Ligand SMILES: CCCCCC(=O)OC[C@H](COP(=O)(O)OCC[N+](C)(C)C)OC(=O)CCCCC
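Before any questions on how it binds or moves, here is one chain, the form deposited without the named molecule, in structure tokens.
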């Protein structure tokens, strides 16, 4: 139940994600991400792109059907008024790419949490262009303490939940449509 590990998919829940948050300690902005793979395919880590912030965790390399990966991120350490924003990319054994955006801002006077999930045709690494697509162009979900569902095409669908504060949990389930 640590970031960088995989757990049985059925075990994923907000308690495990709070555990992940608690392990990062006293930092101002941080995120715990759990993504439950119920897609019928194996996922292999590609990379994480950070627009800002960092993780000390390696993406779980192999995520079999029926497993959830756990991951985390935090703001850059130090007197920088910035949050943690980035895109995770996994390659799926059908030849496509699962991409996940998470965005936790510094200033909640003016900005809000967001996330997004998309499947890309072919093998595509996470990068600043992918961030811009996920954030500006592909209808991200607000981290509004609510669940959101969307078909992903490719026979899959996504259902996820993110809270609205600067200690963020993001729980996503990828299932057969």
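Positions refer to the first chain, counted from 1.
In what follows, reference is made to the form solved in complex with the named molecule, a form of this protein that is not presented.
Of the heavy atoms in residue 92, none are within 4.5 Å of the named molecule in the deposited complex. Though the partner is left out of this view, residue 73 does not reach within 4.5 Å of the named molecule in the deposited complex, counting heavy atoms only. With a 4.5 Å cutoff on heavy atoms, residue 42 does not count as touching the named molecule in the deposited complex; it lies far away. In the deposited complex, the named molecule lies within 4.5 Å of some heavy atom of residue 140.
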